[PDB]
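# Okay, structure incoming, though there's no sequence with it:
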């Protein structure tokens, strides 16, 4: 552990715009992301970055961290659900690429912390595929 | 093994707002949350409820699910960061209660899925330290 690279995006409203406008271009550019599914991705993503646009104060650091995981959490949870539960990895490969690429373009780095948060969330999110609770049997 | 019921709070912007109207009072009435930390929590929480409020479309159902995870994620992440990643357990015990209590009042249920998601996210939030990996150089 111990990350030696801090993502300044979530700590700067100006960078939030750049990252947001990168997402809306990347997600709509990848072959794995269809138009109606892009709707939700872009919509949820813009909310997180807008929360960065209102970051100011001593708690901005904590907010940045929270938004970092919140972004990964919401996007991944949404994606998994509408990707046939099992086939979510098909688009996840592209999603992670876009995210990391946008970090490169916006904060000038990859930020290993973000992707680490993602991998951690994926495990617990996909864990809830026990939806065989159908009371038909 | 349990029939999953969907909380109407994530399907109704009027309830989403009401849920926030509970959080703002509950957090500010808990002896583990300072007046400053409270207002920050409220500020982060409202972001998710505003996303619930913007639930419109075919995939709004899945958004409700993702936002559920995002709410648990962001609030806990914010909390852990400002509590040295070790003292979070003190305030975590109150936060988790407030959330469920607000679900009880707003949507009329404990929401077993939400609390389970919280604990699952604890397993990943408390699996790595990120609040002091900052390298602003």
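That came in fine, so what should we check first? Numbering: from 1, shown residues only, chains lettered A, B, ... in the order given.

# check contacts around the residue nearest the centre of chain A.
Nearest residue to the geometric centre of chain A (Cα atoms, centre = their mean): residue A:72, 3.2 Å. Applying Cβ atoms under 8 Å, 6 or more residues apart in numbering or on different chains, we find residue A:72 in contact with A:99, A:114, A:117, A:118, A:121. C-beta: built from backbone N, CA, C; applies to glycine.

# Could you find the closest non-adjacent residue to it?
In space, and not counting its chain neighbours, residue A:72 is closest to residue A:118: 4.3 Å by Cβ to Cβ, 6 or more residues apart in numbering or on different chains.

# distance of that neighbour from chain B?
Distance of residue A:118 to chain B, given as Cβ to the nearest Cβ, to the nearest Å: 10 Å.

# Could you check how far that residue is from residue A:71?
Taking Cβ to Cβ, to the nearest Å as the measure, residue A:118 falls 9 Å from residue A:71.

# thinking again about what came up before, now the residue nearest to the centre of chain A: which helix or strand?
In the assignment (DSSP states H and E), residue A:72 maps to helix A:60-81.

# With residue A:100 instead?
helix A:89-106.

# which helices and strands does the helix or strand just after that helix pack with?
Per DSSP H and E, helix A:89-106 leads on to helix A:112-125 as the next helix or strand towards the C-terminus. When contacts are defined as 3 or more Cβ pairs under 8 Å, 6 or more residues apart in numbering or on different chains; DSSP states H and E, helix A:112-125 packs onto helix A:60-81, helix A:89-106, helix B:60-81, helix B:112-125.

# Just send these back as CSV, with distance to residue A:134 too.
Output for the helices and strands packed on helix A:112-125, formatted as CSV (distance: least, Cβ to Cβ, whole Å):
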stretch, distance to residue A:134
helix A:60-81, 17
helix A:89-106, 24
helix B:60-81, 17
helix B:112-125, 16
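
# So which of those is nearest residue B:43?
helix A:60-81 (8.1 Å; Cβ to Cβ).
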